[PDB]
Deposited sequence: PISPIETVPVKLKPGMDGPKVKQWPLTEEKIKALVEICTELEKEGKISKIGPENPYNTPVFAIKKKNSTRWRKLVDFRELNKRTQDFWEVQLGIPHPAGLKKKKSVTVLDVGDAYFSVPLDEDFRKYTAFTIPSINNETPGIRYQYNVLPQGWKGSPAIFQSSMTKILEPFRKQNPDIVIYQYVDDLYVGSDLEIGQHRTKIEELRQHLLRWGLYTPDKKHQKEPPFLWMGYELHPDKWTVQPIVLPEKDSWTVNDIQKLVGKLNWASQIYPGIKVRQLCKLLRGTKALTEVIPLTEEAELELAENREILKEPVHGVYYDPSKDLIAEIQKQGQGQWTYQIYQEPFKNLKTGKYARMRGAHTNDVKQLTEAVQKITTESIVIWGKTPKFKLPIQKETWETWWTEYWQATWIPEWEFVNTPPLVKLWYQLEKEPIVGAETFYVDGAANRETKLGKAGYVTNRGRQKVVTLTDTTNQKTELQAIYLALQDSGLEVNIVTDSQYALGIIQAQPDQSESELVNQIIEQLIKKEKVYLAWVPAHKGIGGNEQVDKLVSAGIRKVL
């Protein structure tokens, strides 16, 4: 079934040359087979015999045929990326019916660039000359075979498409999803028309009596032409569990977390701690049991949704799950979800809820654009005043597409706010810290207008941990209202940014402290100058 479609002109990487490998032996059997097989293609037109001028070659195999172009591929020009982008269900638009014509023979039926064919020479094995041919069609396992096959497919489909607008087609590897809004017979008919059109170019495709049937299973879902369902997920019931098992279980469970509300894996993941081998077995803790059981139940209830209706608007709503964790669901009509998902806390350096929500919103906007070409109207668990307050004061450019407040607690708020001006009648701490960078020994202390004072020596600390430390002590030994003046820009920055989550313990401590206080004003002054109380602590935390 060879195609009479113009071949795609191929070439070898700049200044390279065809493969010149040699094959010596194979059994009488392995030679008998190949001789037969070839003779077959030989006649079909798939391959041809070459002779006089072909200095190229490759090892042929017999597996109970196979030709390895590993080397040829290395010397083959690069082609245009096949594109990893995949349609996601929530993107699809309702149809009446949709079949999947399975091509298969696909590639092996596509003409190989004439010129390039020589390079595709291979020999059959102990007399004198053996058996030599070269490929005449896109060879199984060759570099450009995928790329080239799809382009060809697309050309062949281009007219048919233009004549059948109403008809949608999705080319995926070796399958054709064709759906439409025509009635049951008109459809079945067009598929047929489509088939002869394909068969009209050497592209054999199965008849109505052999194509696969709906719903089709796709990257996780079970989908029909009017709705879809999360193909239900089962958890293996077992006596003993190996690490490996546990791990896969977490993956399944993790994937489920997107669609299924309430899935958990805390105690299950705990089991991995310390593991010495994938084959190791772990006594499933009772707590793991309770959780595993619990998830099994959650997985029992079927969940299904619908496709996108261009004639309606998208609405994305977000919830604050834990600290840094967020759930979101997208819909066109209440409770009729199009897609849902969850985002794990991106534990980073030092951030805060409003920033984090901002990212979630950003991630979603991006995803949404990819799927629908539009961005949803957002419903956010944050007060408009909160957002105003935060953004108009955050050093970094930030933004949220049009959205509206939805009072669905817990809401995201600012855990504390630094004073704009010094507090009248509150103690003033002139904190300072510093450590020898060669030994990592340091001092961090403070002094105040109220005479108070304190200092502490530290081991293996670093400069920045010292200055942070200094502010911690101040925050500690201070009471409800404080004025703190540091000469550390690091600290000023960090804190000035009103962080409510960090991976550094000290920073967490400080944050906690900050939330505790009633009023806090942080100020900064140049270090090592004659300036104020700074020159006092400067002297006390020396080296």
Wait, which stretches of the deposited chain are just not there in the structure? 65 to 72, 134 to 136, 555 to 560
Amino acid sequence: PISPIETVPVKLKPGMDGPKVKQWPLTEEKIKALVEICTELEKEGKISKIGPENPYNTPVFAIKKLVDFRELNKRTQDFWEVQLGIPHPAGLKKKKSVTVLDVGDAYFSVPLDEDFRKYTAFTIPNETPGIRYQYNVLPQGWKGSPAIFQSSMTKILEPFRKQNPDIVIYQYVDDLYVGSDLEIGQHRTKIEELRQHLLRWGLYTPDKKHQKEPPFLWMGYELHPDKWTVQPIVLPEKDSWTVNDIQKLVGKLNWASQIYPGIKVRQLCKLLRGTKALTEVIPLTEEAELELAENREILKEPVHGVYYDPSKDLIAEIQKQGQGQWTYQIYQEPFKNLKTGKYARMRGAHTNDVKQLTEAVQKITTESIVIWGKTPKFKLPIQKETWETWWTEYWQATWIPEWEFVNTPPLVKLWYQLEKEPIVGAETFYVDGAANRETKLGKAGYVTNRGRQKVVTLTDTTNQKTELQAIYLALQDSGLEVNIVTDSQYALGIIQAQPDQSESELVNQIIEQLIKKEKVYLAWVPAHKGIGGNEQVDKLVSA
From here on, numbers count along this sequence of modelled residues.
Averaged over C-alpha atoms, is the B-factor higher for 103 to 111 or for 205 to 213 in this PDB entry? 205 to 213
For 76 to 84 versus 272 to 280, entry-based mean Cα B-factors point to 76 to 84
Highest Cα B-factor in the deposition, which of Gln362, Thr392, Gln356, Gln258? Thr392
Choose from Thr386, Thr461, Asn352, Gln171 the residue with the greatest Cα B-factor as stated in the PDB record. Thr461
Divide the modelled residues of the chain into thirds by Cα B-factor and specify which third, lowest, middle or highest, holds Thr123. highest
Assigned third (lowest, middle, highest) for the C-alpha B factor of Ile298: highest
What third of the chain, by the recorded C-alpha B-factor, contains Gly445? middle
Which third, lowest, middle or highest, does the CA B-factor of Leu522 fall in along this chain? lowest
Where does the C-alpha B-factor of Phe160 rank in its chain, lowest, middle or highest third? lowest
